[PDB]
C-alpha cells in the first residue's frame, strides 16, 4: 500500500479554516474588513517521505469522503471547498492499485457565522434572574447594545437567555447622512465615517468592529488568533446553547435614523434592502431584521428632517420590499426570517404611518411605551405609564381639554394605552403588538415641595434641570439612570427608600417614582408593580408579549416581573 500521508499541521494553517475573512488589528471600511465566502477553501499539506506515494488521495470528515485529488510525489496539497461549518475528525488517505493507507485522524475546524463550529456559550448570569416556564408563544424581548461591553461591562454571557425569546442588537447604522450621531459625542460619528469609507450610501455597516468581532473575550474561550471574536462570536455560541432564540439586528434608533428620511426615493430603499440581504447572508446567527426609524414624519434627533406626507408611505414600501427580500432568503435557506419594527406611540407619531397597511408585512411591532416625559425639559410626568396620571389636567388624557394657558391640547396625552388603542382601532392585530418596559428611569432635580400644585404628587411640581450623577450610580447621561442604579441608590433592598428618597406609586397611571424632597431629585421609571400591571394589560388585550430597553440596566427584577405578569397566558403567534 502507499506510505500513509503525514499531515503538516503548520503548512495547513493548523487546520483552522473560516468562511469569513475578518480584518483584525485595523479599522477600515466595512467592505475592506468583512469578506464572506459561500464555500470555505480548505488547503491541507501532507507528505510521504518514505516508500511509495500512490496516485490519488481521499479526504474524510468523520469517516465520510469529502474530497479527492492527485498525489504529487512526496509532498501534496489537498485543496477543496466545503460549505458546512463544524468541527470534524479529518483523515487523509493515499491510494494506488496496491491498496490505501490513511493518516492519523486530526480535528479540523470550519468556522461559519451560524456558530456551527462553536460549543454552547458558557453563561455568567446574575442569579437574581429567576426561572419561569412562560409559554413559548409569548414574546419576552430585550435590546442588547453593542457599546455595553465598555463602561457598562455587560457582555453577551451576562444575558439571562433562558428568560428571553428575542434579543434585538442595537444598533446597525446606515451609511449616509448621520449628523445626529454627533450628539453622542466621543468617537461615534468618526467611527461611522471609517466604517462607511468605500461603502455606498444607504447600505448597512457594523459601527464598531472591535466590539462586534475583533475583541477577544476570555470567558468565551477566545484567543487572539481565533477567526471570529467579539459580541458576534458570543451571539453565535449563544444560539448553539439556545437554538430557538431569535437574534435580530436593530437598524437605526434615535441617533442612527437620519438616512431613513431619504427613503422617499425608492432607489435608496433598493440599495438598503439589498445590503440587508447581504448582511443576513454574511451573519448567519441573525434571524430577521428590526427597523427602528425614529420617526416617520420627524420629531426625532434631526430637527431639520421629517415629512408627515411622504414618510409613512416610504415606511410601508420599505416593509413591503424587505418582506419580498426575506421571502427570497427563506426560499434559499429553508429558514424562517422575521421582520419587526420599534415605533413611537404618541398620537403624533402614530398618525404619520398607516399601520393597517404596514403591519401585514411584519411579524411584530415593538411599541416604544416609554420616554413619554423626561429631562429634556422641566415638566415632570410618568415616562412609561399605562394610563393617565393624577397630575394631568381635565381633558388632557383624551386631548379634548385646554392647558393652563387656555390652549387646546393637540392630541391625547402620552400614555401606553392611548397609543395601543390608536393602533388597535385602525386594525393592527393585538397579537403583533409587543409592549415596552423601561429598565431605566428619567429624572429631574429641583423638584422641591414648594413647586407642587398638589402636595401629595411630585409630578405636579417643576424642575430646575436634569438628574445628575455618576456612572457608578448608573447615570451614563444626565437625566437618565439605570434601574439597577435606582435600586442601589434610591430604593434599597426592601423597596422603601434610602439616601433621602421616598417611593411612591400612581395607582391610576400604574407608574412608580422616587423623590428626594431635600434635593428635589425625582425619577420616573418602571418597577415590579408597574411591570406586573403591563403584563396583566398585555394578557387582557391579547398582545404578543413584552420587551425592554435595555438589558444591561436591569438587575433581574424587571425581566422577572415581565415573566411574573404574563404567568398562565398564551397567545396566538402571528402566522
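Residue numbers count along the first chain shown, from 1. C-alpha atoms forming the largest set that superposes within 1.5 Å between two forms make up the rigid core.
Novice: Given a rigid core fit, name the stretch, 86-94 or 227-235, whose C-alphas are on average farther from the form shown here in 5 other deposited structures of this protein.
Specialist: This comes out as 86-94, the stretch further from the shown form in 5 other deposited structures of this protein.
Novice: After a rigid core fit, does 524-532 or 66-74 show more C-alpha displacement in 5 other deposited structures of this protein?
Specialist: Checking 524-532 against 66-74 in 5 other deposited structures of this protein, I find the farther stretch is 66-74.
Novice: Mean C-alpha B-factor higher for 158-166, or for 106-114?
Specialist: According to the PDB entry, the answer is 106-114.
Novice: On mean Cα temperature factor in this entry, is 60-68 or 538-546 the higher one?
Specialist: Higher mean C-alpha B-factor: 60-68.
Novice: Among 52, 524, 530, 516, where is the Cα temperature factor highest, going by the PDB entry?
Specialist: Out of 52, 524, 530, 516, the record gives the largest C-alpha B-factor to 52.
Novice: Which one of 361, 503, 80, 370 shows the biggest C-alpha B-factor in the PDB entry?
Specialist: Spelled out: the listed residue with the top C-alpha B-factor is 80.
Novice: Within this chain, which third does the Cα B-factor at residue 337 fall in: lowest, middle or highest?
Specialist: Its C-alpha B-factor belongs to the middle third of this chain's values.
Novice: Lowest, middle or highest third: where is residue 254 by C-alpha B factor in its chain?
Specialist: As the PDB entry reports it, the C-alpha B-factor of residue 254 lands in the middle third of its chain.
Novice: Once the chain's modelled residues are ordered by C-alpha B factor and cut into thirds, is residue 11 in the lowest, middle or highest one?
Specialist: It falls in the top third of the chain.
Novice: Sorting the chain's modelled residues by C-alpha B-factor, tell me whether residue 29 ends up in the lowest, middle or highest third.
Specialist: CA B-factor rank for residue 29: middle third.
Novice: Once the chain's modelled residues are ordered by C-alpha B factor and cut into thirds, is residue 217 in the lowest, middle or highest one?
Specialist: For residue 217, the deposited C-alpha B-factor lands in the highest third.
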